[PDB]
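So the structure is just underneath, and the comments pick up after that.
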Amino acid sequence: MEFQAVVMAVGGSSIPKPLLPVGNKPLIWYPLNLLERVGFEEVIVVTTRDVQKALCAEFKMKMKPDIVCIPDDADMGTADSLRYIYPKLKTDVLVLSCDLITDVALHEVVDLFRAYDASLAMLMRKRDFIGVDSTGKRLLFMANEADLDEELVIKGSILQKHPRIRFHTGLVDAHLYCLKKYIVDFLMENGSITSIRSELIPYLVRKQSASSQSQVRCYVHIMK
Amino acid sequence: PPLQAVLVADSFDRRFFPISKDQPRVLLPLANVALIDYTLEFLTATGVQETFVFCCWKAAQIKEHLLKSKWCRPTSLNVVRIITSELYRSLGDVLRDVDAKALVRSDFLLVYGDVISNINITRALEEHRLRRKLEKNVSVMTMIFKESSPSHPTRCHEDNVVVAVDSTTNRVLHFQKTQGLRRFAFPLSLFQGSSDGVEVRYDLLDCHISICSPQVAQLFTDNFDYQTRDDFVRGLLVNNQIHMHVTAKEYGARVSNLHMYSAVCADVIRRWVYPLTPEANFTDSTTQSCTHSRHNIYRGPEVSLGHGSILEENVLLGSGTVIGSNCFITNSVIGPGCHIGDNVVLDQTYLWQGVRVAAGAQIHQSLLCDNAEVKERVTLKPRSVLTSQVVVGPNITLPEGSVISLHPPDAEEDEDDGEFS
Amino acid sequence: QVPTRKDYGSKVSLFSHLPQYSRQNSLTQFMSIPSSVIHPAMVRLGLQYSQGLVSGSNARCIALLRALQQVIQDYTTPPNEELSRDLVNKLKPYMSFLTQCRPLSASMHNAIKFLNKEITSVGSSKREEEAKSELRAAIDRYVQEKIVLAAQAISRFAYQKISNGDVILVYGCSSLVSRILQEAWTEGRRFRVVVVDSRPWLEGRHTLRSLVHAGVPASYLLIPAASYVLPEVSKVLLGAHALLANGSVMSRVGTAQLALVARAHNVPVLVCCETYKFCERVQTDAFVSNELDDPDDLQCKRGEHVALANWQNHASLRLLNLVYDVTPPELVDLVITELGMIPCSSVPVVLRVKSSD
Amino acid sequence: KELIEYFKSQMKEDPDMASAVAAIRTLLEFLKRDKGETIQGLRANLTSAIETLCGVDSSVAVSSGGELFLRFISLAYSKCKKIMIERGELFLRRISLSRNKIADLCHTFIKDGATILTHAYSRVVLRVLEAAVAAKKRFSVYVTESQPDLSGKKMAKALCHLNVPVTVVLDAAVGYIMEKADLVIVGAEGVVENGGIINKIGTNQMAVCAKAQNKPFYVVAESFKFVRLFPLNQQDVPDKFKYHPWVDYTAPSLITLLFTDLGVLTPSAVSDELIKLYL
Amino acid sequence: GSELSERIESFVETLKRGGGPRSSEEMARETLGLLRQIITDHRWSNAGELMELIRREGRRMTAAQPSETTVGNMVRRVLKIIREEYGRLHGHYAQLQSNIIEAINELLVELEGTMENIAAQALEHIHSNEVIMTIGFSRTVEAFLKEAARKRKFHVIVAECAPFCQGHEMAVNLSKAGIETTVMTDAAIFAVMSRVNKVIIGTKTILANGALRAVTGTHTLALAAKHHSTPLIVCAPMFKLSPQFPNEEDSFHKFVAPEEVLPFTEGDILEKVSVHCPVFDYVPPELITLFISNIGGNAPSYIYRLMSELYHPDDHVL
Ligand SMILES: O=C(COc1ccc(Cl)cc1)N[C@H]1CC[C@H](NC(=O)COc2ccc(Cl)cc2)CC1
């Protein structure tokens with residue numbers, strides 16, 4: 001099995017993504033259908049429990065061949081989710097999560113992850129300053145502005161390596177990442193970092209117990 | 001409308017120590033040809049009809065040299081206006097003098113007098129005019145850059161620049177120099193100023209061929225503190241806007257320091273600045289015509305190559321030169337009327353006019369200016385300079401960084417002989 | 001089942017029997033993401049091949065052997081079956097997927113043939129795990145010797161041929177030729193190398209960068225100007241992609257042209273190759289068997305006017321960039337292999353000796 | 001020393017004897033006399049003999065012999081040398097029958113009524129012509145005078161005793177007489193891998209003219225002359241063998257066939273023999 | 001007066017800096033018009049002084065750009081015309097000038113007919129279902145081929161010229177007329193040569209030896225044609241004929257900025273590597289099968305007689 005897909009169901013102003021709002025099919029039904037459409041006979045889903053166990057009971061009613069819905073603690077997040085499900089995964093991870101209403105032919109992002117043997121591949125569509133190279137495939141710089149106490153950070157070394165960087169501001173991530181096994185090794189070995197979405201930025205693609213394996217390249221796909 | 005230009009013939013930033021003290025920087029022969037001659041050739045080739053040569057320091061010498069040049073002949077299609085003043089000491093002063101006297105009228109080429117380039121800016125000029133016509137003449141300047149690599153020698157760390165531009169309108173949003181900086185910052189509201197894609201560029205070599213509207217001069221007189229071009233750009237981008245044109249297939253660079261001088265000389269000898277090549281004799285001279293042989297060996301007339309003397313590659317030999325036998329010249333420019341001894345090894349050494357070298361001399365990556373002299377058994381380490389009729393005695397080996405001249409406060413040597421102090 | 005790749009563009013009539021593919025339109029967009037029909041490593045390698053990330057012959061063969069190691073390592077014998085036949089039967093779809101992503105090279109063909117021969121030679125009575133890692137160790141030994149020891153031997157044999165102060169002309173990118181020149185410069189030889197390159201791949205920049213990093217004096221020019229520089233050249237060194245039974249050299253498209261012009265200029269032509277790239281196959285032209293790259297690569301970015309932009313919109317316009325060409329054995333002087341120096345006449349003899357005969 | 005004078009007197013012993021045969025005889029007696037019973041020390045004395053003998057004589061044939069038969073004996077510890085001397089004796093016997101085999105395979109390739117064209121004096125060419133005339137074959141002969149050492153006159157004198165019309169020609173007149181020669185037979189002094197021959201200075205001219213007129217270019221040589229060299233141009237040949245050079249190289253492109261004791265061979269087959277022998 | 005001087009200058013600098021006009025037929029027309037205006041707008045009475053000033057200005061022209069030989073050889077044509085007129089009137093001053101002017105006029109009216117002459121001649125050299133190969137771009141050769149295409153069906157293989165891929169626009173122009181055209185890299189010349197019937201190429205200059213100075217890479221194509229014994233045809237008008245010989249001259253190849261061969265963005269290696277970009281190259285006459293001109297086909301072994309017919313032998317040095 002190349003990929004062991006996982007779908008997180010914990011949110012992370014408008015809409016609790018886990019349970020309530022369903023136009024036509026349950027919120028996780030779209031991720032589950034996207035997964036089952038392209039192989040993925042086995043799926044691991046992480047079930048909320050701060051709802052007082054009101055999520056897993058109703059998500060086994062979608063007529064899917066077989067899925068794994070692991071229970072959670074009284075309250076945890078998404079990096080907590082990955083650390084919780086670490087012992088039961090043994091290969092590369094394809095992390096999605098509940099709020100995913102998308103058209104994506106994920107063959108593209110998975111091919112980006114494969115061809116260049118990336119440490120990580122991501123999916124985005126048009127306050128997070130994201131800078132890519134001329135090809136637009138490899139992730140050079142990425143940083144929110146809530147994080148950014150100082151004005152803006154960019155190293156001279158990365159500009160010497162990659163001269164021109166194309167930047168974007170109005171990019172929103174689909175939370176669709178393809179994680180290596182050793183990145184999950186790093187995550188488990190360092191409980192410091194929570195909120196995976198914020199864990200993408202300490203990529204340290206450039207050379208500084210931190211490299212559990214060489215290069216740790218990262219990549220992006222920008223949708224139509 | 002016609003096309004004017006401003007040619008600042010005095011690099012006010014005091015750099016060439018003490019080479020500028022003897023003759024102005026713009027008169028330094030790059031490869032037997034002055035830099036101002038290269039700039040005038042570029043200006044008349046790109047289509048400039050009237051230029052304004054502002055000379056401040058050693059103005060008499062510059063005027064005398066230019067008056068005899070081709071560009072001052074009555075048949076020349078490029079008109080020159082040598083302007084004379086000991087008052088202005090900065091580019092901003094030049095531009096405010098321009099707007100005070102009201103010389104330029106429209107889209108004049110601002111350029112210094114020490115630029116080596118062959119860029120045809122008709123495309124950039126029409127782009128600038130289209131931008132100003134469409135957007136209410138709010139674009140005041142178009143900065144012309146060349147696609148480069150951060151590793152290229154012609155991109156010195158002193159003049160290295162990093163910009164943040166708009167990939168759609170190519171307008172310059174942020175601009176700064178990376179001299180001695182391991183950290184670059186780009187303000188936040190750059191993204192607020194242009195909302196359709198910001199791109200940071202570090203591969204851009206600054207050609208210093210900015211083509212500007214008279215509004216640039218109006219602004220330079222509206223802000224007395226504006227002294228040079230970089231300050232003007234910084235002050236305008238923090239507040240009218242500036243635009244850009246990037247060149248891929250044409251050469252351009254200004255000789256700021258000695259490193260840039262060497263790099264641009266090596267590029268010119270190797271025909272990177274075609275058609276501005278030594279063989280072409282772009283200046284209508286008689287002592288500056290050479291025959292381009294294989295491996296870029298511009299063997300001139302009556303050079304008198306010795307028996308077994310070897311010219312490896314990218315070697316220029318001025319006319320009237322005399323080269324001993326069993327010599328080894330490689331990637332070096334030899335000025336006209338130079339005598340070279342026997343078993344002399346020259347490597348990337350720009351021997352100017354009248355240089356006399358005795359037998360056994362080993363000169364590497366040096367610069368012997370006019371009428372320099374070295375005696376028998378003299379070794380020069382890289383980045384060593386001799387200046388204006390200075391003599392180095394026998395059995396001397398100069399260190400790496402060693403400038404020798406007849407000016408005590410401006411050299412490691414003085415009026416005495418170079419043999420010993 | 002793996003679908004067939006659509007043949008992009010309009011093929012030249014003489015090459016209608018060969019496939020023409022587009023780099024943009026890949027083959028993995030109709031496959032399951034957790035690939036099951038094709039092993040993950042094999043689809044990975046096919047995608048790497050199609051995009052052109054793996055170019056060199058030695059590089060392609062080594063990547064193939066590593067992917068095959070990853071495959072056999074993860075292979076498990078089904079019940080009531082023997083590994084000998086089952087594994088060689090299961091490897092065929094992977095080879096077909098590869099050849100669909102990009103035609104197999106001679107090194108790849110020879111490696112796959114040797115691997116199948118070894119698999120069929122695995123004992124029926126033997127268990128599974130030690131058979132698997134015996135196959136892994138055999139692949140390790142095979143690649144180790146046939147690549148690195150062959151390279152070292154050929155480097156020594158070529159060093160005892162390069163003299164001091166001689167100009168050597170090289171063409172395109174070749175790991176073997178670059179290693180030979182680097183080792184010759186390190187040993188003490190003082191020479192200069194002229195690098196010849198050709199559109200559209202411009203693979204000569206690779207060996208140019210390698211030589212400049214090694215400190216060897218280098219010069220660069222494209223293949224049309226080769227006639228101008230050969231008077232200075234003292235010797236032509238090339239890297240073969242395949243050596244056929246008749247002694248002909250099947251290598252990059254610009255090799256035979258350079259050999260012809262060098263013969264016209266009295267410049268001896270040397271080709272460096274290993275024994276594992278020898279092939280009992282034979283051809284007399286670049287038409288019977290070749291590879292057609294993406295014709296869209298011919299388009300030149302000459303500033304503002306790309307002339308071949310919409311070449312498909314012109315009915316009578318055909319584009320073609322050949323990846324290989326054959327040099328007749330009489331245009332080549334030396335072939336430097338593990339066995340030493342041989343004439344191209346002696347290639348099939350070496351083939352026989354390497355056939356355990 | 002001991003080998004120098006014995007080689008000299010072997011040359012004096014048999015003026016009708018080759019130099020490679022004398023070299024193998026001298027090395028055989030050298031190994032049989034000193035009684036070197038050492039696994040690795042024996043090779044030192046061997047290569048000393050070889051270097052001495054090609055220092056006195058600048059022949060590629062002597063060095064090639066040396067190399068091939070030193071490998072042959074080394075390819076054969078007390079019983080090692082005891083069987084090695086056997087194999088050396090049989091090697092000498094085969095090398096003796098070499099020239100007779102060469103004559104009696106190649107004498108049938110001379111169509112009678114033809115015109116042989118030969119370079120400087122060579123024993124193998126003389127033997128094959130003797131075999132041909134013994135088979136009742138009449139033909140005309142042109143011989144190059146071999147200007148450096150007038151061996152063409154010697155060849156003409158030796159062949160006149162065989163009752164055949166011999167016309168020694170000028171060194172530079174082969175280009176004039178090439179149209180009057182039905183074939184060219186030259187005895188190679190050494191055979192390189194690719195099939196070329198490192199023979200006297202004018203042999204390359206012979207071959208080039210042959211290709212200029214499509215005339216068959218035949219070469220006769222013993223297999224102890226097979227040297228493992230690969231010269232690309234004239235200067236690529238070892239300079240020691242050249243000493244105004246004395247011996248130059250001829251590409252296999254210019255040679256039709258080789259007549260060795262191993263049978264008639266295409267210039268392609270000598271490399272096969274050499275790589276089977278493994279130097 | 002000064003109009004003539006400034007026009008001569010303008011022309012000199014246009015020839016020196018870049019290529020103007022682009023077509024060398026237009027260059028011949030321009031230089032002939034300028035020579036006419038010179039011979040009209042000077043105070044010359046004896047033919048010797050006129051020839052001397054013409055030689056001086058032609059020396060200046062040749063020094064402007066040596067690789068552009070059309071200007072120089074047409075200056076030599078004008079000198080031969082002056083010599084012929086002087087011999088006619090001496091073997092007479094106003095008649096001399098007007099006769100020289102009408103001679104230049106007939107030269108000019110026959111100048112624009114060379115294109116059409118070669119186009120008409122093209123038909124009897126192309127048969128149905130033939131495979132042509134050509135390299136680079138040549139207006140004469142594309143006119144040749146598109147005139148032969150009106151009555152014949154054939155294939156053209158255009159080898160692009162690196163770095164200046166002028167062959168691409170030639171292939172497009174040929175495809176416009178429905179001439180089945182294959183475009184390839186120059187690296188594939190020998191690989192495809194085995195399937196080519198003829199080679200038709202233009203030229204920049206024909207030397208007295210019969211050799212021709214053509215775009216780089218054409219010498220390799222000629223070597224391939226000789227190897228495969230395919231006829232190599234050169235469709236060159238009679239104003240590209242240069243009386244100079246191959247190695248009695250100077251400045252044969254034209255070297256342009258290496259930026260065309262290796263770009264500036266390669267970085268530090270550009271200080272260690274020597275890049276060379278020769279535009280033209282030398283093709284010996286042994287590799288040419290037939291020359292096609294405005295008068296008709298001729299073997300390379302008759303170009304010397306054409307020289308004797310065009311240029312005075314004392315004017316080969318200008
Ligand atoms: O289709 C093409 C295109 O050729 C190329 C297109 C591109 C490239 Cl890369 C190379 C070649 N060429 C034709 C040219 C006629 C031929 N032969 C015939 O049609 C028949 O030939 C004969 C028939 C009878 C005689 Cl007597 C001689 C030849 C077939 C192929």
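Labels for the structure tokens follow display order: chains A, B, ..., residues from 1 in each chain, ligands from 1.
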- Report as a PyMOL selection string which protein, DNA and RNA residues come within 6 Å of ligand 1, using only C-alpha atoms and all ligand atoms. (chain C and resi 12-13) or (chain E and resi 129-131+155+182+192+195)
- Task: Do a neighbour search on residue D:239 at 12 Å with only C-alpha atoms, toss out local chain neighbours closer than 6 positions, and write the hits as a ChimeraX atom specification.
- Result: /D:58-60,198,231,245-249
- Item | All residues 9 Å or closer to residue C:340, only C-alpha atoms, same chain fewer than 3 positions away omitted, as a ChimeraX atom specification | /C:153-154,157,335-337 /D:275
- For chain C, report every residue with an atom at most 10 Å from chain B (counting only C-alpha atoms), formatted as a PyMOL selection string. chain C and resi 219+229+232+302-303
With N, CA, C and O atoms retained, write the just-selected residues as an mmCIF file, in the first residue's frame.
```cif
data_model
loop_
_atom_site.group_PDB
_atom_site.id
_atom_site.type_symbol
_atom_site.label_atom_id
_atom_site.label_comp_id
_atom_site.auth_asym_id
_atom_site.auth_seq_id
_atom_site.Cartn_x
_atom_site.Cartn_y
_atom_site.Cartn_z
ATOM 1 N N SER C 219 35.717 24.661 -23.277
ATOM 2 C CA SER C 219 35.134 25.534 -24.281
ATOM 3 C C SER C 219 33.804 24.940 -24.719
ATOM 4 O O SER C 219 33.589 23.727 -24.630
ATOM 5 N N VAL C 229 35.748 24.100 -35.170
ATOM 6 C CA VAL C 229 36.645 23.860 -34.046
ATOM 7 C C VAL C 229 37.476 22.590 -34.200
ATOM 8 O O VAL C 229 38.492 22.444 -33.503
ATOM 9 N N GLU C 232 41.345 22.469 -34.370
ATOM 10 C CA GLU C 232 42.064 22.558 -33.105
ATOM 11 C C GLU C 232 41.985 21.259 -32.315
ATOM 12 O O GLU C 232 42.913 20.937 -31.564
ATOM 13 N N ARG C 302 12.753 32.807 -29.153
ATOM 14 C CA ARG C 302 13.567 33.890 -29.690
ATOM 15 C C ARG C 302 12.964 35.246 -29.351
ATOM 16 O O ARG C 302 12.756 36.080 -30.238
ATOM 17 N N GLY C 303 12.679 35.476 -28.072
ATOM 18 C CA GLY C 303 12.196 36.772 -27.636
ATOM 19 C C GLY C 303 10.692 36.923 -27.726
ATOM 20 O O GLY C 303 9.959 36.485 -26.834
#
```
Output as an mmCIF file with N, CA and C atoms, in the first residue's frame the set of chain A residues within 10 Å of chain C, with distances taken over only C-alpha atoms.
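As a result, selection_19.cif now contains:
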```cif
data_model
loop_
_atom_site.group_PDB
_atom_site.id
_atom_site.type_symbol
_atom_site.label_atom_id
_atom_site.label_comp_id
_atom_site.auth_asym_id
_atom_site.auth_seq_id
_atom_site.Cartn_x
_atom_site.Cartn_y
_atom_site.Cartn_z
ATOM 1 N N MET A 1 0.848 -1.225 0.000
ATOM 2 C CA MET A 1 0.000 0.000 0.000
ATOM 3 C C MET A 1 0.867 1.254 0.000
ATOM 4 N N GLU A 2 0.790 2.022 -1.088
ATOM 5 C CA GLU A 2 1.577 3.247 -1.187
ATOM 6 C C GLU A 2 1.136 4.267 -0.146
ATOM 7 N N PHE A 3 -0.152 4.596 -0.129
ATOM 8 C CA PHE A 3 -0.693 5.641 0.727
ATOM 9 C C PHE A 3 -1.678 5.046 1.722
ATOM 10 N N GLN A 4 -1.634 5.550 2.951
ATOM 11 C CA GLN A 4 -2.607 5.220 3.989
ATOM 12 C C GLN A 4 -3.350 6.510 4.321
ATOM 13 N N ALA A 5 -4.468 6.738 3.638
ATOM 14 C CA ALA A 5 -5.183 7.998 3.768
ATOM 15 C C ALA A 5 -5.801 8.136 5.153
ATOM 16 N N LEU A 35 -11.918 9.795 -1.674
ATOM 17 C CA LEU A 35 -10.942 8.751 -1.379
ATOM 18 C C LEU A 35 -11.320 7.440 -2.059
ATOM 19 N N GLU A 36 -12.535 6.949 -1.804
ATOM 20 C CA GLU A 36 -12.968 5.677 -2.368
ATOM 21 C C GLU A 36 -13.007 5.698 -3.889
ATOM 22 N N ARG A 37 -13.168 6.874 -4.497
ATOM 23 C CA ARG A 37 -13.194 6.959 -5.951
ATOM 24 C C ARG A 37 -11.863 6.522 -6.545
ATOM 25 N N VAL A 38 -10.759 7.003 -5.985
ATOM 26 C CA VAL A 38 -9.421 6.607 -6.419
ATOM 27 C C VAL A 38 -8.911 5.604 -5.388
ATOM 28 N N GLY A 39 -9.201 4.328 -5.628
ATOM 29 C CA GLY A 39 -8.740 3.287 -4.721
ATOM 30 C C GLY A 39 -9.129 3.579 -3.285
ATOM 31 N N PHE A 40 -8.168 3.400 -2.379
ATOM 32 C CA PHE A 40 -8.355 3.658 -0.951
ATOM 33 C C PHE A 40 -9.492 2.805 -0.387
ATOM 34 N N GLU A 41 -9.284 1.487 -0.434
ATOM 35 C CA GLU A 41 -10.256 0.569 0.149
ATOM 36 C C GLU A 41 -10.317 0.710 1.665
ATOM 37 N N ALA A 105 -8.800 16.713 -8.999
ATOM 38 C CA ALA A 105 -8.198 15.496 -9.535
ATOM 39 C C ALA A 105 -6.863 15.323 -8.827
ATOM 40 N N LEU A 106 -6.911 14.763 -7.619
ATOM 41 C CA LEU A 106 -5.722 14.674 -6.778
ATOM 42 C C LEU A 106 -4.608 13.847 -7.404
ATOM 43 N N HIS A 107 -4.820 13.274 -8.591
ATOM 44 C CA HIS A 107 -3.706 12.703 -9.337
ATOM 45 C C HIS A 107 -2.577 13.712 -9.494
ATOM 46 N N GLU A 108 -2.910 15.003 -9.569
ATOM 47 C CA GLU A 108 -1.891 16.020 -9.799
ATOM 48 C C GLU A 108 -0.995 16.199 -8.577
ATOM 49 N N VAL A 110 -0.659 14.164 -6.036
ATOM 50 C CA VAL A 110 0.020 12.909 -5.731
ATOM 51 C C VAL A 110 1.172 12.677 -6.701
ATOM 52 N N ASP A 111 0.994 13.056 -7.969
ATOM 53 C CA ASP A 111 2.092 12.963 -8.923
ATOM 54 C C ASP A 111 3.209 13.934 -8.574
ATOM 55 N N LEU A 112 2.858 15.114 -8.061
ATOM 56 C CA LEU A 112 3.873 16.041 -7.575
ATOM 57 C C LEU A 112 4.644 15.439 -6.408
ATOM 58 N N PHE A 113 3.939 14.758 -5.505
ATOM 59 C CA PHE A 113 4.594 14.102 -4.378
ATOM 60 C C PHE A 113 5.500 12.969 -4.849
ATOM 61 N N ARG A 114 5.078 12.242 -5.884
ATOM 62 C CA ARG A 114 5.831 11.078 -6.344
ATOM 63 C C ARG A 114 7.055 11.492 -7.152
ATOM 64 N N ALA A 115 6.830 12.182 -8.274
ATOM 65 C CA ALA A 115 7.898 12.425 -9.241
ATOM 66 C C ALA A 115 9.142 12.996 -8.578
ATOM 67 N N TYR A 116 8.971 13.988 -7.710
ATOM 68 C CA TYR A 116 10.093 14.665 -7.078
ATOM 69 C C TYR A 116 10.416 14.105 -5.700
ATOM 70 N N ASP A 117 9.837 12.957 -5.337
ATOM 71 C CA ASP A 117 10.073 12.337 -4.034
ATOM 72 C C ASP A 117 10.054 13.387 -2.927
#
```
